[PDB]
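As a starting point, one isolated chain is supplied in structure tokens, in the form deposited in one PDB entry.
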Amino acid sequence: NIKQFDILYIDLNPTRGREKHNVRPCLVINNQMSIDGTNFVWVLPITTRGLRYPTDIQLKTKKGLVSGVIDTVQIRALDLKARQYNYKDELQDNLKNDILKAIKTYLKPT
């Protein structure tokens, strides 16, 4: 029920602190086989700071329900069997290739 380039609200601190206080929007970037086979998502943060770097991508979504800046430099793998999450929106098609090409630019040997 989760696919690549979905935007989820995820509880990023479920066991500590105030209840449902760190529930943030995250862009899923791993693919369908990876999600279904591992039950982890790879996510980039959608942040409320302004655009500052060429690595930043302004978020555009299909339903307009989430706004912010995708920081492509920070990535994490989250276990969705252990965290509450909710599908909220999804990335516009015309940004998807930019996302994957930014990531590849961090991985290709210098």
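Start at 1 with the first residue shown and count on from there. Shifts are known only where both forms have a C-alpha. What we label the rigid core is the largest C-alpha set whose atoms superpose within 1.5 Å from one form to the other.
This next part talks about the form deposited in another entry, which is not shown.
- Once the two forms are fitted on their rigid core, between this form and the one not shown the CA displacement reaches 2 Å or more only for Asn13 among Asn86, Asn13, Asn97, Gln92.
- A shift of at least 3 angstroms brings the Cα atoms of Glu19 and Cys26 nearer to each other in the other form than in the displayed structure.
- The gap between the Cα atoms of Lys88 and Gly17 is larger in the other form, by no less than 3 Å, than in this form.
- In a core-based superposition, a mobile segment is defined as at least three consecutive common residues whose CA atoms each shift by 2 Å or more; between this form and the one not shown, just one such segment exists, spanning 11-22.
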